[PDB]
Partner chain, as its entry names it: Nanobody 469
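Quick heads-up: it's one chain on its own, the form solved without the partner chain, in structure tokens.
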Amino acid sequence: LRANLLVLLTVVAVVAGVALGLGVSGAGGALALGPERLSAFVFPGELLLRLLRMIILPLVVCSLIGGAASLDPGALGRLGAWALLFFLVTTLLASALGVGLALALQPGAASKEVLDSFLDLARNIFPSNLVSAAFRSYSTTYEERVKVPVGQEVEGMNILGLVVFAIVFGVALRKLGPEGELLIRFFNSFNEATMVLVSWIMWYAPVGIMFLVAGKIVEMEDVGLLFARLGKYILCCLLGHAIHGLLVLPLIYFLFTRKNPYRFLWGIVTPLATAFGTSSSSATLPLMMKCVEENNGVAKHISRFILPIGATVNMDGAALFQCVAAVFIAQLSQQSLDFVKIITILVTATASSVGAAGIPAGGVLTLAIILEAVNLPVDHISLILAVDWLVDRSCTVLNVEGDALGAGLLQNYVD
């Protein structure tokens, strides 16, 4: 099956990218290649990232509008509220687990005001311009007029504001009744065309992923040397993802529904493998909906609401990774975490996970939110970037798994 072919090709692409990076490093790596050759060698991964970032905007906006407009107000008050509560609770639990694992395992064993960071988050939630929000985000800087904060708009898609606006606009379209059906159809057709584009991009995804991994491994001085530093961090991220996906989320599924959660996961394994390979829940959306509807019997409306929304708003893996990274930093640099700082980390991780793009680059783009809110050195992300190619795949797997289990839980709640 071509879906299984895509999964196989993407996993083999990750493995072959690791092998190619190791081989290139054995031949001298960047030092031997020189910028001229290195840029061309790494270019295909950049091209894949550009292709996915191009489709983020229309994909997210149209999917969210359609999902929000897929339920009537009679169901929005019950299904919508419960879905929002489930997403919030799951993200909070993922962030708490990340904090706990990072503090316990201590990965690092051996500037913007917090108020300004939260105000910037609130401003990004409510964008002042929809067109500007498509490629810019609010950010506060300081001028010694005593520091006085002045707010600029800096490069970077405002996924959070676009998500909020899309959900609100879908709800408004549902409110309109027959008058809004034309726009619902328009946005559904646009989303379907964007999914066709995503399916086409996923066929280039193998080569792009291979070259991206190879470049990210050639960039570092030596795998055996960088992994010496980052082994505890990688272990914390992967262990937290495994605990959340195999124990916590299944435990919630079993508590709110007396069905077997792993039987549910068996019917979405293929979505999970595609998520691991591509590391883009947005690209995993179609197969995910197909599996939840057919293999697990989730009702059509339940899926069409929960999954397109969850894929952008709900990301337990992204939240857990960002939280474990925010705790890993502050240990590379000798800062300390108290209860207030931990709670700030949790809240900022929730907001950042909501504001992440469902693609390979989602995590680090918004980890800066947490780092600024905890006043941690932002430049340290350069280290995480050297390994993000590995953690991000588990992040995406958990992000899609949360969506699937939420769909099942809501389907049982509606029964």
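Numbering follows the first chain given and starts at 1. In this text, the rigid core denotes the largest set of C-alpha atoms whose superposition between the two forms falls within 1.5 Å. Shifts are known only where both forms have a C-alpha.
According to the record, no deposited residue between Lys300 and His301 is left without atomic coordinates. The deposited sequence places 10 or more unmodelled residues between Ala110 and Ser111.
Beyond what is shown, the protein has a form deposited with the partner chain bound; the following relates to that form.
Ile184 is the sole member of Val163, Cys291, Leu93, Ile184 with a non-hydrogen atom lying within 4.5 angstroms of the partner chain in the deposited bound form.
Of the candidate stretches 191-199, 98-106, 237-245, 261-269, only 191-199 has residues with heavy atoms within 4.5 Å of the partner chain in the deposited bound form. When contacts are judged by a 4.5 Å heavy atom cut-off, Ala75 counts as touching the partner chain in the deposited bound form.
At a distance threshold of 4.5 angstroms between non-hydrogen atoms, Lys341 is out of contact with the partner chain in the deposited bound form. In the deposited bound form, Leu71 approaches the partner chain with a heavy atom inside 4.5 Å. For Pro308, a non-hydrogen atom is located within 4.5 Å of the partner chain in the deposited bound form, even though that partner is not displayed. Superposing the two forms on their core leaves just one of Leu332, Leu246, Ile234, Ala134 with a Cα displacement of at least 2 Å between the shown form and the other one, namely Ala134. The Cα position of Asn158 differs by 2 Å or more between the shown form and the other one after fitting on the rigid core. Once the rigid core is overlaid between the shown form and the other one, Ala104 does not reach a Cα shift of 2 Å, moving by less than that.
The rigid-core alignment places the CA of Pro73 2 Å or more apart between the shown form and the other one. Pairwise change in the deposited bound form: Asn129 and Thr344 C-alpha atoms lie closer than in the shown form, at least 3 Å.
Relative to this form, the distance between the C-alpha atoms of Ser353 and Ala68 is reduced by at least 3 angstroms in the deposited bound form. Taking the core as fixed, the parts between the shown form and the other one where three or more residues in a row have CA shifts of 2 Å or more are 1-77, 111-145, 147-229.
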